[PDB]
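Quick heads-up: it's one chain on its own, the form deposited without the partner chain, in structure tokens.
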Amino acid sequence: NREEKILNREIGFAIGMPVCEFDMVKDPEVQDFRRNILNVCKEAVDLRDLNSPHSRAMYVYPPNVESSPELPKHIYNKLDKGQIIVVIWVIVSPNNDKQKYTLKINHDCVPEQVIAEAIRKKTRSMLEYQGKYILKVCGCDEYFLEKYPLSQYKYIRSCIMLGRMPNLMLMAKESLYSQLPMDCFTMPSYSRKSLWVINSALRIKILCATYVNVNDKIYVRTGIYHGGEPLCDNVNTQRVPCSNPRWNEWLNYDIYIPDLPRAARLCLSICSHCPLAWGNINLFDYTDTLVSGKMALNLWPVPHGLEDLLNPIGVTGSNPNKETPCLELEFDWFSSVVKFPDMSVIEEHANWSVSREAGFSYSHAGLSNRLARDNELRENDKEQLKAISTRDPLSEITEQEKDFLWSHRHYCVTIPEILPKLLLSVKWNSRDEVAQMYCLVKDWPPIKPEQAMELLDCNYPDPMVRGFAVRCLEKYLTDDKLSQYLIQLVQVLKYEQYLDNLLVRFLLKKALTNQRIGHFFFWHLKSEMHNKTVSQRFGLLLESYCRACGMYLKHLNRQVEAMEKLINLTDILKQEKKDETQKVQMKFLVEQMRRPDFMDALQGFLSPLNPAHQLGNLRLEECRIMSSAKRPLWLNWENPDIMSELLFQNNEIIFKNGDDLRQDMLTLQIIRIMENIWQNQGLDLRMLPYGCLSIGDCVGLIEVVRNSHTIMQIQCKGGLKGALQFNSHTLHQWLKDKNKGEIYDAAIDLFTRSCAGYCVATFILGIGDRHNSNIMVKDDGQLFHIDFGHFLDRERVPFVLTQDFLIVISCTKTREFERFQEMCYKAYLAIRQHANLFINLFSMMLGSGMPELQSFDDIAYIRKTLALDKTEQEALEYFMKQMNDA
């Protein structure tokens, strides 16, 4: 009906594919997903409409807050006896005259209390109307709707740290609520055995192949896997000529069918040894059914630099493009459909196995190193389990250590954080052990979200394990932290066996409960729709999101359309007008930007970098085509916020169409985390994790930091014509000229602190080497880095402290450089202590096709730079040596 067909066009524009493509998919799982996911949409809508309009205002404008109200000791010191000075603005006339009221208030004040005192100062002039008012940040669309202490709001904490005066606007409730239009979720047209009693070894037939188009013989190599680990020995068909690709071969593996775990996967590949193509298949379907009968798999091309003939970290499922090597399989058949057993059966088997081992005599337990001896665990080996739990995720557990953990599996519950080590020590090809592990996991106590995230990576495919990890996230993950780790959580969806799972339901709920979260959820999902390995999953999830997010769908289509214009325009530059002058390129740009359909599409929408930023009219006089060969556009928009002068009058963003910005995006995430760690640990090393967002196949947006210049910019602008640019003091003089008088010390102080941070950060992450063009400096002396090209690959210092920077700290033999060295040393230690977090963050990211991050071996570089297997004092000594080598 009318509204449904219009809604489909909108959704089709949002994603990039029409909805009716999903209607044509004749696959029970896809159609079930579309239908069954709608319960989450329904729940999310009902939560929003629960306590209107305030319930719906907090969905659209959620409070951007820190996870804790506790201020680190140095942050509290900046207050005047624990009190912050805030300025409160009121638009009083229809003429829009601004009146400011400055307050000195407690840092932990509730917004309502801050509004009360603002009215007290306003009423003083005259010598009523209580809580009909809300606070807004001047210059952007962020509100303080919730009853948090004022300091806990990020903006106000930033203003404390940076020393800035926070400028808030007082605003009437019904003005905001009026703007929130009544969205209307509607339901779409599409919305409406045997068990372990099988005594046999697993066979799989391989019938033939087609589309094996090529220039020795060929053969199919197969293997049965659980995650990265082979459940048994791999098995191969015979070498037969490529002219007649027909085998007809029942291959017998070394697995009892009853032992096949839930996430068991067949991994196959056609090989000439060189693997020509590959494919993986779940042996169980989404309904717990062991898959039987004839089946056809369209294979994928091999990725570059894949050593083994199989690809078990590879994504499961048939290729969308059916003009690729196709392989016809056939599985076994029995007297009925075979289903994986219920938890009740699994518990009965597990409880049976537990009491049987309770009765094992000394000698019986002698026969296997995996059998627990009850009441014979001493304090020495209890400490060994703690030491094993306190190691990194890339540390190899030996087969003796595995037997050992598993022997003491019941004691491991008293040290919950050991769980990922205990799960890797399980033999996932024993139903006896797996059933006990399920039971241990069922009652396993809650571990921190940071630690839980590891169990969603590619090492832990089992749904009972993943369900627990998701369950921890639901309990302990704040929306702040969800936003922070959102990109990793989006990636690990690729590792899920089925479209309908506990993780995707968790993320979608939050995306639909919190528009900040939904924004980036949409863009992260939309940027990989080119990647046919994930297009159907992400496409269907985007369909469900767009169908249920409300009016924000209209605002996303603005942004999508805006990016389509920029992608269209820059494609014309780097293809049609490839090597013309800057004048002729700029002329062409202006003429095409000024066309009516272009001109409306590129103004009056929300910044995809930060949707609280309204992008008004273009300042085309400030827009330019940049010197980088890929031709990134520098774009300047007006900020149409009434009090834009207070935050920033102009919002300017670099749009780039050509290069992969996913690496830069990951490095900037990490820099922010590292900084949070330091700021919580009490040392103020101010970093600068500016906005960076990938929106497609090598298309993306970069925030411009206002009042910033590269080192060469400082050297040239400060360098006489004819002369050479090599003058090292020129940087120090520039900072001296910008920061005259008593301000000078603060500039040098912020310069050292920021430099010590980017020294430590770049060394650890192994960033691409630093030019004078790569390093930047704000006018107040804040140093930071821009083009983070690659990471993770004797080990390199990327940021070699040349004289220029060292003279600004002072030059080597001084009290100023010693204190700076002590900043770097203490900084490096803090990240070592949190090594597991960063190791886990990178590990969740292997599903992304980032070239510098394909195998776990890539992540190992962090184990070398952080020096984990060494001691802490010897690790500080390692760092000292790598820097003095220079």
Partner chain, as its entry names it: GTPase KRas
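Residue numbers count along the first chain shown, from 1.
The form solved in complex with the partner chain exists for this protein as well; it is not shown, and the discussion that follows is about that form.
Of the residues given (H530, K382, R558, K98), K98 alone sits with a heavy atom within 4.5 Å of the partner chain in the bound PDB entry. Taking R619, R203, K481, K121 one by one, only a single residue has any non-hydrogen atom within 4.5 Å of the partner chain in the bound PDB entry, and it is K121. When the partner chain is considered in the bound PDB entry, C208 lies well away from it, no heavy atom lying within 4.5 Å. Within this chain, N199 is remote from the site of the partner chain in the bound PDB entry, having no heavy atom within 4.5 Å.
For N248, no non-hydrogen atom is located within 4.5 Å of the partner chain in the bound PDB entry, even though that partner is not displayed. Using a 4.5 angstroms limit between non-hydrogen atoms, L647 is distant from the partner chain in the bound PDB entry. Residues within 4.5 angstroms of the partner chain in the bound PDB entry, judged by any non-hydrogen atom, belong to 90 to 98 and to none of the other stretches in 90 to 98, 344 to 352, 322 to 330, 694 to 702.
No residues of 6 to 39 lie near the partner chain in the bound PDB entry, the criterion being any heavy atom within 4.5 Å.
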